[PDB]
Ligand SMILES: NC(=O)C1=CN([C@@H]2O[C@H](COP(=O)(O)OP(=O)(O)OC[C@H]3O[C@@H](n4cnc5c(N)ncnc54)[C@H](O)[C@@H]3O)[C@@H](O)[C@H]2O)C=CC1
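Shown here is one chain on its own, the form solved without this ligand, set out as structure tokens.
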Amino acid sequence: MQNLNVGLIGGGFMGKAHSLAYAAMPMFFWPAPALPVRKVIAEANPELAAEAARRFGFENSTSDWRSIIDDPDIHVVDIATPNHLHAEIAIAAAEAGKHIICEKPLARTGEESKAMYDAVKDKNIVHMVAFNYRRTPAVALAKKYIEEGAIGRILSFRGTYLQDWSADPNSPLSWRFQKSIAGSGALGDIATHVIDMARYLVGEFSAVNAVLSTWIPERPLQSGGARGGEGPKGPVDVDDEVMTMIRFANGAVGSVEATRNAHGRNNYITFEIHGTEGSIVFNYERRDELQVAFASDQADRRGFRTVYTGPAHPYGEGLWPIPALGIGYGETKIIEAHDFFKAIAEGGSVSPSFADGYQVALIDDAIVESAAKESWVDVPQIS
């Protein structure tokens, strides 16, 4: 069992979720495909980097991410920066022969995402984009039901990602509100999670037809850096909200809606799927649960079942002794890391890859063009 040395670049507060995954994955899944080692962490300056290494349990620290890419003893690069730095870092890591996990969206733009995909697609490396929510056991359970034929053929998909964290106009202008850094707003940040689920559970997209909305068009800068610390107001040039209708390649239909401006909605990732022989509903705010209705039930006892994920369900062998002992965000990252390291050790590939990341970027570009032209747009299809 090989030690694989991880370099984490950035990650913000949420670096805890990355370093949790690397520390806990072999505890959960044993024998492990390989032993992750928290070898080096990069942050914006050496003091921050040193402190993060202390907090997150990394052996070494640096303010120079290139030093990680050029260290022949780093096996894995974890890219957890904002969207504008993914491509440079990933392409450099791909050329140095490193396995890569990258945060979503894959990049700021479709063209930038293509360059990342092109850099990895022919190398002998494992590449993964962090659509971690598809590894919620309930979501993998939905996939299991679908693949088995348990709900028949899929006709219709509804997926949402509703949030309220920026719904106060005094919430400051950060990079997530700046097209030049993020590329898009709700679309890239939260709709991509839902789009990944649609691709996973339903299939590829054929065409989209969308509307983008910006509800809080100006926000205060933070004068003291990234109430009473306001600087000047600046404009928000990204979407707060996206809705899109979808025609799937396989003839199903659907729709995706995401917003940052839904008071009472925290991390409300949902889908509802209607098949010819049943339906499946999911709500990440209650992520331990999957709801499923089978048409085959006797007429006097039909309806949605609330199924709690546990040992009987996908990834159960790595998780808790009983259903509802409690899945949080961390378990999705632990499962993600397990599958990532399994691909590395077995010389194979993982889903979702940079291929998937790039297909989502192509869907995003189509949504933006559709919204601008007020018309259906076809989505080019990589696979």
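Residue positions are given as counts along the sequence shown, with the first one as 1.
One more form of this protein exists, namely the form solved in complex with this ligand; it is left out here, but the text below deals with it.
- This chain is displayed alone, yet in the deposited complex one of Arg287, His99, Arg135, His193 has a heavy atom within 4.5 Å of this ligand; that residue is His193.
- The listed set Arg176, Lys123, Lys114, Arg219 contains one residue whose heavy atoms approach this ligand in the deposited complex to within 4.5 Å, identified as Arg176.
- Contact annotation: this ligand lies within 4.5 Å of heavy atoms from the stretch 327 to 335 in the deposited complex, the single such stretch among 310 to 318, 27 to 35, 327 to 335, 353 to 361.
- For a residue to qualify, one of its non-hydrogen atoms must sit within 4.5 Å of this ligand in the deposited complex; all three of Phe13, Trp65 and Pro82 qualify.
- With a 4.5 Å cutoff on heavy atoms, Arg199 does not count as touching this ligand in the deposited complex; it lies far away.
- Among heavy atoms of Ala44, some come within 4.5 Å of this ligand in the deposited complex.
- In the deposited complex, this ligand lies farther than 4.5 Å from every heavy atom of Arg108.
- This ligand is not shown here, but in the deposited complex it comes within 4.5 Å of a heavy atom of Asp189.
- Residues from 93 to 131 that approach this ligand in the deposited complex with a non-hydrogen atom closer than or equal to 4.5 Å are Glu103, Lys104, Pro105, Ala130, in the order they occur in the chain.
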